[PDB]
């Protein structure tokens, strides 16, 4: 469009017409979604109430869990293998409370999630098989996020959603009968410092806290004394943004903005 007079107009036409970007009800049509978590519990803690709301509407929610949570205990007589047996059950129970379908366990070791083509391939296979309408994953640009598994899951999820659409990427998948990942599915990023879409989870907050504490191994009383205020405060930082008590924040952008975009901060 050669004759438009200001950046601001252009950007506006770009968002609303060219890209028809819409934060009003961005999960309106979804039938199936994947929620990707670095560790068992992260989906519920980041977006449990949202997962529930989706379930409630008849959306199929599938988990993909990058690691086994092997490392997450201070108990010197609980091995990582035992912990991981336990966290699997804990996540199955938590997810059942949220109406969640199915979990894909990638089984990478807790704290050792690689950042590699290999991991992109695992996700790409799930993506291609399930062809979901939207994907959720932690925002790897969250500042002071000191857990490598979190930053890497984030990155790998965004990369995989783009690359799994390309037939020459992980090409054996197509050779065993899968199609590339279908275009026009959304990415939504939770655990974000810059959300631009909030789900009100005021009514659901006690459901979320319950489903979080089901991961008992992660949440004994002395830990919960700190974690419950923390989780509640986080939910209020998000909710206030839409004038409600408790929210879950997401960052959702048009696919182009994840690449060469110097004005991403205008959504």
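Numbering follows the first chain given and starts at 1.
- The PDB entry reports B-factors from which the mean C-alpha value can be compared for 179-187 and 136-144; the larger average falls on 179-187.
- The stretch with the higher mean CA B factor, choosing between 6-14 and 241-249, is 6-14.
- The maximum CA B-factor among the listed residues 39, 232, 208, 28, taken from the PDB record, is found at 28.
- Per the PDB entry, 77 shows the highest C-alpha temperature factor of the residues 160, 153, 192, 77.
- Sort the chain's modelled residues by C-alpha temperature factor and residue 100 lands in the highest third, per the entry.
- Sort the modelled residues of the chain by CA B factor and residue 92 lands in the highest third.
- Among all modelled residues in this chain, the alpha-carbon of residue 223 has a temperature factor (C-alpha) in the highest third.
- Residue 212: CA B factor lies in the lowest third for its chain, per the PDB record.
- In the deposited entry, the Cα temperature factor of residue 198 sits in the middle third of values across the chain's modelled residues.
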